[PDB]
$ cat target-v9.pdb   # PDB, C-alpha atoms and all ligand atoms
ATOM      1  CA  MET A   1     -35.320 -49.007  45.491  1.00  0.00           C
ATOM      2  CA  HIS A   2     -35.023 -50.784  48.868  1.00  0.00           C
ATOM      3  CA  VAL A   3     -32.147 -51.795  51.041  1.00  0.00           C
ATOM      4  CA  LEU A   4     -33.259 -54.978  52.849  1.00  0.00           C
ATOM      5  CA  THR A   5     -30.532 -55.810  55.409  1.00  0.00           C
ATOM      6  CA  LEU A   6     -30.624 -53.736  58.590  1.00  0.00           C
ATOM      7  CA  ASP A   7     -27.261 -52.871  60.165  1.00  0.00           C
ATOM      8  CA  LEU A   8     -26.837 -52.586  63.932  1.00  0.00           C
ATOM      9  CA  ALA A   9     -24.258 -49.798  64.545  1.00  0.00           C
ATOM     10  CA  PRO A  10     -23.078 -49.404  68.141  1.00  0.00           C
ATOM     11  CA  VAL A  11     -24.101 -45.968  69.449  1.00  0.00           C
ATOM     12  CA  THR A  12     -21.599 -43.381  70.797  1.00  0.00           C
ATOM     13  CA  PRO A  13     -22.100 -39.778  72.164  1.00  0.00           C
ATOM     14  CA  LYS A  14     -21.094 -38.284  68.785  1.00  0.00           C
ATOM     15  CA  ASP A  15     -24.222 -40.015  67.360  1.00  0.00           C
ATOM     16  CA  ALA A  16     -26.484 -37.685  69.488  1.00  0.00           C
ATOM     17  CA  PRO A  17     -27.718 -35.593  66.565  1.00  0.00           C
ATOM     18  CA  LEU A  18     -28.715 -38.715  64.536  1.00  0.00           C
ATOM     19  CA  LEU A  19     -30.472 -40.381  67.466  1.00  0.00           C
ATOM     20  CA  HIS A  20     -32.211 -37.082  68.224  1.00  0.00           C
ATOM     21  CA  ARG A  21     -33.550 -36.985  64.673  1.00  0.00           C
ATOM     22  CA  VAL A  22     -34.795 -40.627  64.921  1.00  0.00           C
ATOM     23  CA  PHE A  23     -36.734 -39.725  68.089  1.00  0.00           C
ATOM     24  CA  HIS A  24     -38.086 -36.525  66.572  1.00  0.00           C
ATOM     25  CA  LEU A  25     -39.355 -38.488  63.507  1.00  0.00           C
ATOM     26  CA  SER A  26     -41.171 -40.837  65.958  1.00  0.00           C
ATOM     27  CA  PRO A  27     -43.635 -38.378  67.675  1.00  0.00           C
ATOM     28  CA  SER A  28     -46.488 -40.851  68.117  1.00  0.00           C
ATOM     29  CA  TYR A  29     -44.425 -43.006  70.464  1.00  0.00           C
ATOM     30  CA  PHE A  30     -43.612 -40.129  72.861  1.00  0.00           C
ATOM     31  CA  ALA A  31     -47.228 -38.930  72.878  1.00  0.00           C
ATOM     32  CA  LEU A  32     -48.436 -42.462  73.706  1.00  0.00           C
ATOM     33  CA  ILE A  33     -46.135 -42.631  76.821  1.00  0.00           C
ATOM     34  CA  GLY A  34     -47.091 -39.071  77.845  1.00  0.00           C
ATOM     35  CA  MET A  35     -43.712 -37.305  77.278  1.00  0.00           C
ATOM     36  CA  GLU A  36     -42.349 -34.338  75.314  1.00  0.00           C
ATOM     37  CA  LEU A  37     -39.890 -35.197  72.483  1.00  0.00           C
ATOM     38  CA  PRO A  38     -36.366 -35.498  73.982  1.00  0.00           C
ATOM     39  CA  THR A  39     -34.068 -32.418  73.786  1.00  0.00           C
ATOM     40  CA  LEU A  40     -30.586 -32.792  72.197  1.00  0.00           C
ATOM     41  CA  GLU A  41     -29.107 -32.101  75.664  1.00  0.00           C
ATOM     42  CA  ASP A  42     -31.200 -34.970  77.129  1.00  0.00           C
ATOM     43  CA  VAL A  43     -29.977 -37.403  74.341  1.00  0.00           C
ATOM     44  CA  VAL A  44     -26.333 -36.444  74.971  1.00  0.00           C
ATOM     45  CA  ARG A  45     -26.713 -37.032  78.710  1.00  0.00           C
ATOM     46  CA  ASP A  46     -28.358 -40.425  78.117  1.00  0.00           C
ATOM     47  CA  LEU A  47     -25.584 -41.522  75.714  1.00  0.00           C
ATOM     48  CA  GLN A  48     -22.876 -40.486  78.227  1.00  0.00           C
ATOM     49  CA  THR A  49     -24.562 -42.624  80.838  1.00  0.00           C
ATOM     50  CA  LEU A  50     -24.687 -45.737  78.611  1.00  0.00           C
ATOM     51  CA  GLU A  51     -21.126 -45.163  77.377  1.00  0.00           C
ATOM     52  CA  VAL A  52     -19.642 -46.001  80.778  1.00  0.00           C
ATOM     53  CA  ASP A  53     -21.711 -49.162  81.391  1.00  0.00           C
ATOM     54  CA  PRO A  54     -19.833 -52.226  79.911  1.00  0.00           C
ATOM     55  CA  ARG A  55     -23.071 -54.193  79.892  1.00  0.00           C
ATOM     56  CA  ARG A  56     -25.295 -51.807  77.868  1.00  0.00           C
ATOM     57  CA  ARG A  57     -25.828 -52.861  74.267  1.00  0.00           C
ATOM     58  CA  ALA A  58     -27.298 -49.980  72.303  1.00  0.00           C
ATOM     59  CA  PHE A  59     -27.440 -49.500  68.526  1.00  0.00           C
ATOM     60  CA  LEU A  60     -28.539 -47.116  65.871  1.00  0.00           C
ATOM     61  CA  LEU A  61     -30.442 -49.122  63.174  1.00  0.00           C
ATOM     62  CA  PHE A  62     -29.332 -48.317  59.655  1.00  0.00           C
ATOM     63  CA  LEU A  63     -30.580 -49.003  56.165  1.00  0.00           C
ATOM     64  CA  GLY A  64     -27.453 -48.011  54.238  1.00  0.00           C
ATOM     65  CA  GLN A  65     -26.716 -44.446  55.467  1.00  0.00           C
ATOM     66  CA  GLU A  66     -30.186 -43.756  56.811  1.00  0.00           C
ATOM     67  CA  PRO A  67     -30.834 -44.091  60.564  1.00  0.00           C
ATOM     68  CA  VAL A  68     -34.204 -45.808  60.871  1.00  0.00           C
ATOM     69  CA  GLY A  69     -34.401 -46.894  64.509  1.00  0.00           C
ATOM     70  CA  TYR A  70     -32.777 -47.567  67.852  1.00  0.00           C
ATOM     71  CA  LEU A  71     -32.345 -50.675  70.048  1.00  0.00           C
ATOM     72  CA  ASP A  72     -31.207 -50.503  73.732  1.00  0.00           C
ATOM     73  CA  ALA A  73     -30.606 -53.507  75.976  1.00  0.00           C
ATOM     74  CA  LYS A  74     -28.805 -54.314  79.256  1.00  0.00           C
ATOM     75  CA  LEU A  75     -26.928 -57.610  79.831  1.00  0.00           C
ATOM     76  CA  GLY A  76     -26.970 -58.956  83.407  1.00  0.00           C
ATOM     77  CA  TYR A  77     -30.434 -57.595  84.310  1.00  0.00           C
ATOM     78  CA  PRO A  78     -32.593 -58.790  86.037  1.00  0.00           C
ATOM     79  CA  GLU A  79     -30.075 -61.556  86.708  1.00  0.00           C
ATOM     80  CA  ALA A  80     -26.403 -61.955  85.806  1.00  0.00           C
ATOM     81  CA  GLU A  81     -27.222 -64.669  83.195  1.00  0.00           C
ATOM     82  CA  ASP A  82     -30.051 -62.771  81.437  1.00  0.00           C
ATOM     83  CA  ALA A  83     -30.588 -59.626  79.317  1.00  0.00           C
ATOM     84  CA  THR A  84     -33.416 -57.088  79.053  1.00  0.00           C
ATOM     85  CA  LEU A  85     -34.514 -55.044  76.092  1.00  0.00           C
ATOM     86  CA  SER A  86     -35.627 -51.560  77.367  1.00  0.00           C
ATOM     87  CA  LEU A  87     -36.352 -49.925  74.009  1.00  0.00           C
ATOM     88  CA  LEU A  88     -36.901 -51.024  70.405  1.00  0.00           C
ATOM     89  CA  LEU A  89     -38.012 -48.168  68.176  1.00  0.00           C
ATOM     90  CA  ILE A  90     -38.499 -48.108  64.363  1.00  0.00           C
ATOM     91  CA  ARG A  91     -38.797 -44.620  62.902  1.00  0.00           C
ATOM     92  CA  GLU A  92     -42.429 -43.952  62.236  1.00  0.00           C
ATOM     93  CA  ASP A  93     -42.164 -43.712  58.417  1.00  0.00           C
ATOM     94  CA  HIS A  94     -40.458 -47.171  58.290  1.00  0.00           C
ATOM     95  CA  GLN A  95     -42.871 -49.103  60.536  1.00  0.00           C
ATOM     96  CA  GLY A  96     -44.804 -52.188  59.367  1.00  0.00           C
ATOM     97  CA  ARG A  97     -42.135 -53.527  56.927  1.00  0.00           C
ATOM     98  CA  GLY A  98     -40.630 -56.168  59.216  1.00  0.00           C
ATOM     99  CA  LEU A  99     -37.689 -54.090  60.453  1.00  0.00           C
ATOM    100  CA  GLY A 100     -38.626 -54.527  64.173  1.00  0.00           C
ATOM    101  CA  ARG A 101     -38.542 -58.295  63.775  1.00  0.00           C
ATOM    102  CA  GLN A 102     -35.265 -58.212  61.817  1.00  0.00           C
ATOM    103  CA  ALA A 103     -33.576 -55.983  64.484  1.00  0.00           C
ATOM    104  CA  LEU A 104     -34.689 -58.309  67.271  1.00  0.00           C
ATOM    105  CA  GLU A 105     -33.519 -61.466  65.503  1.00  0.00           C
ATOM    106  CA  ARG A 106     -30.148 -59.921  64.556  1.00  0.00           C
ATOM    107  CA  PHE A 107     -29.633 -58.789  68.187  1.00  0.00           C
ATOM    108  CA  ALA A 108     -30.670 -62.140  69.723  1.00  0.00           C
ATOM    109  CA  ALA A 109     -28.308 -63.942  67.304  1.00  0.00           C
ATOM    110  CA  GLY A 110     -25.364 -62.232  69.062  1.00  0.00           C
ATOM    111  CA  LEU A 111     -26.301 -63.411  72.597  1.00  0.00           C
ATOM    112  CA  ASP A 112     -24.918 -66.949  72.753  1.00  0.00           C
ATOM    113  CA  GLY A 113     -24.014 -67.378  76.441  1.00  0.00           C
ATOM    114  CA  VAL A 114     -27.116 -65.474  77.602  1.00  0.00           C
ATOM    115  CA  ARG A 115     -30.005 -67.458  79.114  1.00  0.00           C
ATOM    116  CA  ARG A 116     -33.295 -65.475  78.719  1.00  0.00           C
ATOM    117  CA  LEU A 117     -34.211 -62.201  76.980  1.00  0.00           C
ATOM    118  CA  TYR A 118     -36.748 -60.003  78.763  1.00  0.00           C
ATOM    119  CA  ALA A 119     -38.631 -57.029  77.248  1.00  0.00           C
ATOM    120  CA  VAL A 120     -40.234 -54.242  79.392  1.00  0.00           C
ATOM    121  CA  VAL A 121     -43.153 -52.290  77.914  1.00  0.00           C
ATOM    122  CA  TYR A 122     -43.917 -48.782  79.224  1.00  0.00           C
ATOM    123  CA  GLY A 123     -47.446 -47.463  79.612  1.00  0.00           C
ATOM    124  CA  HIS A 124     -50.685 -48.355  77.881  1.00  0.00           C
ATOM    125  CA  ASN A 125     -49.056 -49.690  74.720  1.00  0.00           C
ATOM    126  CA  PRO A 126     -51.079 -52.768  73.555  1.00  0.00           C
ATOM    127  CA  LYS A 127     -49.609 -52.562  70.005  1.00  0.00           C
ATOM    128  CA  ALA A 128     -46.099 -53.129  71.407  1.00  0.00           C
ATOM    129  CA  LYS A 129     -47.437 -55.914  73.648  1.00  0.00           C
ATOM    130  CA  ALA A 130     -49.039 -57.610  70.609  1.00  0.00           C
ATOM    131  CA  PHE A 131     -45.703 -57.316  68.694  1.00  0.00           C
ATOM    132  CA  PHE A 132     -43.603 -58.930  71.427  1.00  0.00           C
ATOM    133  CA  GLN A 133     -46.098 -61.775  71.957  1.00  0.00           C
ATOM    134  CA  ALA A 134     -46.048 -62.501  68.196  1.00  0.00           C
ATOM    135  CA  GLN A 135     -42.256 -62.853  68.383  1.00  0.00           C
ATOM    136  CA  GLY A 136     -42.523 -65.414  71.167  1.00  0.00           C
ATOM    137  CA  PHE A 137     -42.276 -63.210  74.332  1.00  0.00           C
ATOM    138  CA  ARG A 138     -44.752 -64.387  77.004  1.00  0.00           C
ATOM    139  CA  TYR A 139     -46.246 -62.254  79.785  1.00  0.00           C
ATOM    140  CA  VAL A 140     -44.438 -62.515  83.096  1.00  0.00           C
ATOM    141  CA  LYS A 141     -45.975 -59.777  85.293  1.00  0.00           C
ATOM    142  CA  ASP A 142     -46.882 -56.131  85.375  1.00  0.00           C
ATOM    143  CA  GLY A 143     -44.486 -53.804  87.242  1.00  0.00           C
ATOM    144  CA  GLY A 144     -47.083 -51.511  88.704  1.00  0.00           C
ATOM    145  CA  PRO A 145     -49.316 -49.153  86.660  1.00  0.00           C
ATOM    146  CA  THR A 146     -46.704 -47.921  84.148  1.00  0.00           C
ATOM    147  CA  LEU A 147     -44.726 -51.157  83.316  1.00  0.00           C
ATOM    148  CA  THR A 148     -45.289 -54.714  81.925  1.00  0.00           C
ATOM    149  CA  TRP A 149     -42.715 -57.519  81.718  1.00  0.00           C
ATOM    150  CA  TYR A 150     -42.326 -60.269  79.052  1.00  0.00           C
ATOM    151  CA  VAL A 151     -39.673 -62.987  78.403  1.00  0.00           C
ATOM    152  CA  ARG A 152     -38.329 -65.307  75.658  1.00  0.00           C
ATOM    153  CA  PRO A 153     -35.873 -68.140  76.244  1.00  0.00           C
ATOM    154  CA  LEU A 154     -32.738 -68.233  74.106  1.00  0.00           C
TER     155      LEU A 154
HETATM  156 CL    CL A 201     -29.870 -54.970  51.231  1.00  0.00          CL
END
$ encode --input "target-v9.pdb" --output "structure tokens"
Amino acid sequence: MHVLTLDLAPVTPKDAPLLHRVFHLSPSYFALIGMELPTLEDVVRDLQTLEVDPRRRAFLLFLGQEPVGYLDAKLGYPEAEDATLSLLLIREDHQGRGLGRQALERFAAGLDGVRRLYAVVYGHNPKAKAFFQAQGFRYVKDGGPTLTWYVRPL
């Protein structure tokens, strides 16, 4: 059986163990960007940091009770009127079923009053670049060797 509708649950520091597990079930992403899997202590610290920023919009992605991804954006960056998506991750066993597109469309639906939505891609990740272009994000610039910027009007 399949749950179809993806729920976007706002993340809090008590979610650290669940977000840790999502990252640990996504090893290929961390290898691609040249990083060890995050420690639980690292995930806690990162959640404490986003907790105190009123403009961060971060979510665990749920199918029923199962955490199957993570979405992290910042309103008001690069400009006050815009938003930027810094991470969209679907757990590796749930990739290729349209959940990335669903998460993006559900998130963008909530941004009436925002002007443009940027996405920043880290490292040599052409698969992610192909995904964002397919969803209507055009290339803006590269941000040095490690970063590439894309944008979609709302
Ligand atoms: Cl459903």
$ residues_near_ligand --input "target-v9.pdb" --ligand "ligand CL 201 (chain A)" --cutoff "7 Å" --atoms "all atoms listed in the file" --output "number ranges by chain"
A: 3-5
$ closest_residue --input "target-v9.pdb" --among "A:75, A:35, A:22, A:68" --to "residue A:54" --atoms "only C-alpha atoms"
A:75
$ atom_distance --input "target-v9.pdb" --atom1 "atom CA of residue A:65" --atom2 "atom CA of residue A:83"
28.5 Å
$ closest_residue --input "target-v9.pdb" --among "A:92, A:64, A:76, A:51" --to "residue A:1" --atoms "all atoms listed in the file"
A:64
$ residues_near_point --input "target-v9.pdb" --point "(-41.1, -58.5, 63.9)" --cutoff "8 Å" --atoms "all atoms listed in the file" --output "NGL selection string"
:A and (98-104 or 131-132 or 134-135)
$ resolve_selection --input "target-v9.pdb" --expression "the PyMOL selection byres (((chain A and resi 149) around 7) and not hetatm)" --output "list in words"
residues 119, 120, 121, 139, 140, 141, 142, 143, 147, 148 and 150 of chain A
$ atom_distance --input "target-v9.pdb" --atom1 "atom CA of residue A:124" --atom2 "atom CA of residue A:94"
22.1 Å
$ residues_around --input "target-v9.pdb" --residues "stretch 10-14 of chain A" --least-positions-apart "2" --cutoff "8 Å" --atoms "only C-alpha atoms" --output "number ranges by chain"
A: 8, 16-17, 44, 47-48, 51, 57-60
$ residues_around --input "target-v9.pdb" --residues "residue A:79" --least-positions-apart "6" --cutoff "12 Å" --atoms "only C-alpha atoms" --output "PDB file with C-alpha atoms, in the coordinates of the input"
ATOM      1  CA  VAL A 114     -27.116 -65.474  77.602  1.00  0.00           C
ATOM      2  CA  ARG A 115     -30.005 -67.458  79.114  1.00  0.00           C
ATOM      3  CA  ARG A 116     -33.295 -65.475  78.719  1.00  0.00           C
ATOM      4  CA  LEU A 117     -34.211 -62.201  76.980  1.00  0.00           C
ATOM      5  CA  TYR A 118     -36.748 -60.003  78.763  1.00  0.00           C
TER       6      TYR A 118
END
$ resolve_selection --input "target-v9.pdb" --expression "the PyMOL selection byres (((chain A and resi 28) around 12) and not hetatm)" --output "MDAnalysis selection string"
chainID A and resid 23:27 29:37 89:93 95 125
$ write_last_selection --input "target-v9.pdb" --atoms "C-alpha atoms" --output "PDB file, in the frame of the given file"
ATOM      1  CA  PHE A  23     -36.734 -39.725  68.089  1.00  0.00           C
ATOM      2  CA  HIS A  24     -38.086 -36.525  66.572  1.00  0.00           C
ATOM      3  CA  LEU A  25     -39.355 -38.488  63.507  1.00  0.00           C
ATOM      4  CA  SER A  26     -41.171 -40.837  65.958  1.00  0.00           C
ATOM      5  CA  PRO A  27     -43.635 -38.378  67.675  1.00  0.00           C
ATOM      6  CA  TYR A  29     -44.425 -43.006  70.464  1.00  0.00           C
ATOM      7  CA  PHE A  30     -43.612 -40.129  72.861  1.00  0.00           C
ATOM      8  CA  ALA A  31     -47.228 -38.930  72.878  1.00  0.00           C
ATOM      9  CA  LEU A  32     -48.436 -42.462  73.706  1.00  0.00           C
ATOM     10  CA  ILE A  33     -46.135 -42.631  76.821  1.00  0.00           C
ATOM     11  CA  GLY A  34     -47.091 -39.071  77.845  1.00  0.00           C
ATOM     12  CA  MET A  35     -43.712 -37.305  77.278  1.00  0.00           C
ATOM     13  CA  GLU A  36     -42.349 -34.338  75.314  1.00  0.00           C
ATOM     14  CA  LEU A  37     -39.890 -35.197  72.483  1.00  0.00           C
ATOM     15  CA  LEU A  89     -38.012 -48.168  68.176  1.00  0.00           C
ATOM     16  CA  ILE A  90     -38.499 -48.108  64.363  1.00  0.00           C
ATOM     17  CA  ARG A  91     -38.797 -44.620  62.902  1.00  0.00           C
ATOM     18  CA  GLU A  92     -42.429 -43.952  62.236  1.00  0.00           C
ATOM     19  CA  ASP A  93     -42.164 -43.712  58.417  1.00  0.00           C
ATOM     20  CA  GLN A  95     -42.871 -49.103  60.536  1.00  0.00           C
ATOM     21  CA  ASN A 125     -49.056 -49.690  74.720  1.00  0.00           C
TER      22      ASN A 125
END
$ closest_residue --input "target-v9.pdb" --among "A:97, A:45, A:40, A:19" --to "residue A:72" --atoms "all atoms listed in the file"
A:19
$ residues_around --input "target-v9.pdb" --residues "residue A:39" --least-positions-apart "3" --cutoff "8 Å" --atoms "only C-alpha atoms" --output "PyMOL selection string"
chain A and resi 20+42-43
$ residues_near_point --input "target-v9.pdb" --point "(-33.8, -63.5, 71.5)" --cutoff "9 Å" --atoms "all atoms listed in the file" --output "JSON, numbers by chain"
{"A": [104, 105, 106, 107, 108, 109, 110, 111, 116, 117, 118, 136, 137, 152, 153, 154]}
$ atom_distance --input "target-v9.pdb" --atom1 "atom CA of residue A:151" --atom2 "atom CA of residue A:113"
16.4 Å
